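Here are two versions of the same chain, shown separately as structure tokens and labelled structure 1 and structure 2.
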Structure 1
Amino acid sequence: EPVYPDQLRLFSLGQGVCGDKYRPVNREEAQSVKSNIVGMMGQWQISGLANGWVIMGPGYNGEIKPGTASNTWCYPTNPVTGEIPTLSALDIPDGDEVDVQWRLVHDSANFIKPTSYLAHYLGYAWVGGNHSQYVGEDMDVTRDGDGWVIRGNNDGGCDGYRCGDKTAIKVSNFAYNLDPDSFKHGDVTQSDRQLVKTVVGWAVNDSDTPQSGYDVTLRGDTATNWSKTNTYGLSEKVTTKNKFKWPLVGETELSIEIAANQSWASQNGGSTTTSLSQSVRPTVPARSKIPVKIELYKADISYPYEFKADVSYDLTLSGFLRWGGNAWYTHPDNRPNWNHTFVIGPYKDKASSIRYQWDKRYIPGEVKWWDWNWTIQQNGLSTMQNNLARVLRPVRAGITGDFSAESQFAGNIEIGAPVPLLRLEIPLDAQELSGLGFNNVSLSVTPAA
């Protein structure tokens, strides 16, 4: 009877008052899911729990102590049970795309067997070859254009009504979305950082009155020459939902961003240029000057990287539905030749979401596709969870290569101790800085605004 974070619900109805049909989560429970509750709160928020206890936002390390609050963390009085576990991803080794599909589609234990049992549990008939008495066994795996078809082998002769019409399991419409959070790198091959130059000088306040309201700003541009290899071909078909900054490693800093909805192998490197945008606002006492320093750098890195790409695809089951032993909601007995497709990956619509239908299996208005509750009474809550936990298991391919970058950048503008005497007195040799890789470098003393 564990509490399912995702069923929790926050209410604002007074001390210890839950919305209708829910009840308060007590500390004991709050403790077991502490991580998930704090994660849904504001930094300094205080929400109430049962029997004079409260739980605090991450700002408070999620402390749970005695207290009162007008809002309450509530949980269903009649909790929906048997959620589908989320197993750890099945890592597929990088390779060419076919290398990846092959390894997935021919995996008996992790794919063929479990998707087959699904079709079987749903109601499809003859999901297995004539050479086995068990389901998901003796199955030919045939290529069919882009997708793959998995059917029971007919070789020889079978015996049973329409036993000759084996169920097909079509796998198609593959996509590989790169997960920027799975970044990882090896031994930092090349690494080093040099101080190519320090720009020094003064800012002066020639008056008898001190000065504040003036921003000292330094602008200019520099560059970063980078490159990344892509050991395999799958790279050509992997994309990111949204752009991102390449992770920092070591000390050296970089300015690199990968585009979204664009191939990973098409963004193999290049030379981009960066701005310089510091703007300090120092106070200089009348008849005085502060020393101002600016350090210029040049560093570079080399290291093997590795990101993970989530593999998603369409699962299509087609054959005919059993007699007095079916899971469609109408429960046909005319052996209709059904054709359904679930999407194994991000939500698309209710019809294709095993997870959706399964989690709303109790709101009658929602059960418009598969009667998940029926499969549960037929095989038992466990067999169903486990079966689905395998089919919905996260499949991931690894994308690897080499990374190397060279960049130049400025440190911060630093001001020192004022000294007895706003205008600047710091020499810039536009020519020289340029030679070192710093362009249109300039320093502006301008009124604050």
Structure 2
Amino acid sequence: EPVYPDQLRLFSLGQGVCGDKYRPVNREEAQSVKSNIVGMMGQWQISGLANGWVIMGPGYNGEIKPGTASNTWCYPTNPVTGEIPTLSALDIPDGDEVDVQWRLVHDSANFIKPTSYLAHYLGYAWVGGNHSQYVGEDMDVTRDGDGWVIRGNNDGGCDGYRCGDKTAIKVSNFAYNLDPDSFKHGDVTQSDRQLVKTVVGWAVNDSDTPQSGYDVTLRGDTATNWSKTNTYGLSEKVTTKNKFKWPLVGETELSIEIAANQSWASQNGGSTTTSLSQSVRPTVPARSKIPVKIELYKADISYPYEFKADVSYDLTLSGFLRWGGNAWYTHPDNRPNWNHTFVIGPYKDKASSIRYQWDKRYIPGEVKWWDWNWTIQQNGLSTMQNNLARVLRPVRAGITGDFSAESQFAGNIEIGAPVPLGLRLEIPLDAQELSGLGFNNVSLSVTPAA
């Protein structure tokens, strides 16, 4: 009965019209998940709803009001019910890699219990230590190269058929993707925008024609010099998927690009040369000159910073599958030894994706791995939704350090009131002082706007 916004589909077939298998979303349903729908919309997008209503984009504040639209937000006549909720992220503060993983995989409520449950619901046998009669208790977490293994304790002996063969949950292949958008910074340790030099003068119009087609344009270059630290080692293994420019704090401007596919901890500063470029379209009255000034600045900035890195890992379940109750699509009854890897994080393929397999579980052709319906048959839709929501809970780790920059730049060429006496400049540029100041190859040139 809840509308799942991740199942909406937009059609462009004319007023109130959906493609085969879809039907228009109504004003009340769209109200119930309103921020999800708007967030799936373009700034000024206006899309239709049932029965003469439209929802508007974030630029209009996601307003729902009567109106007509040739494109319509639609919802399946046969939606997939019982989606797996997405829980709030679990944030792990910055530390060394081993310590960050440890806080993750040794957490009984958020990792050991959920994943052991998962094993157990799929029919994996013996998911717990010998010191508990409950699933995912008495579980030893031990290092395995760059990951970990969690497996019931095996001290002393046991009963049960093959009871010594505990199921293992191997956590490996951790990756950490830094999210630029998660940037945050503590108090500005140091800040100041300092007027270093002013370049001042005149542009004259020596002619009868009121000159006004020309750009006047500053050129030249300077440096941004920056550095950062990394408080812990996890930074050695952290990357960012796409390059981004270091974010703007306050009234400064830097040219720092962080690069993709390269250690966070191996990008600790350096000197990139920003570029001077300002232009200005002045209109100059009948044989008059105009005052012209360009302010040159240096700026320092420094603060502690925090980004968050999305942690992903592979979870491999290994053990035998029980006679007369397991969830492999072929329902083997011979207790074969099994190994399956689920990718916990960004999707890699169908076989390794609980979300895919679960969302498609009513499509017979798609069921080539686990039989999720069987697990619902066993435990109820509820229990599975909540277990899987926990298993899939997003994990982030804090990546921290101190940041520091200084850069130089030029303000906008500023233009004054025209006073009376193909445009001409009279704005002295002391190449040598500027160069001494750090402003190199500076040049002022006049050229046409068309």
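Here, rigid core means the biggest group of C-alpha atoms that superpose within 1.5 Å across both forms. Along the sequence of structure 1, residues get numbers from 1 upward.
Comparing the two forms between structures 1 and 2 on the rigid core, the single residue of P304, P332, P285, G233 with a CA shift of 2 Å or greater is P285. Relative to the superposed rigid core, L13 undergoes a CA displacement of at least 2 Å between structures 1 and 2. After superposing the rigid core, the Cα of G67 is displaced by 2 Å or more between structures 1 and 2.
Superposition of the core reveals a Cα shift of 2 Å or more for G39 between structures 1 and 2. Superposed on the rigid core, the forms differ at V200: its CA is offset by 2.0 Å between structures 1 and 2. If you overlay the core, the Cα of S318 moves by 0.5 Å between structures 1 and 2. Once the core of the two forms is superposed, the Cα of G213 has moved 4.0 Å between structures 1 and 2.
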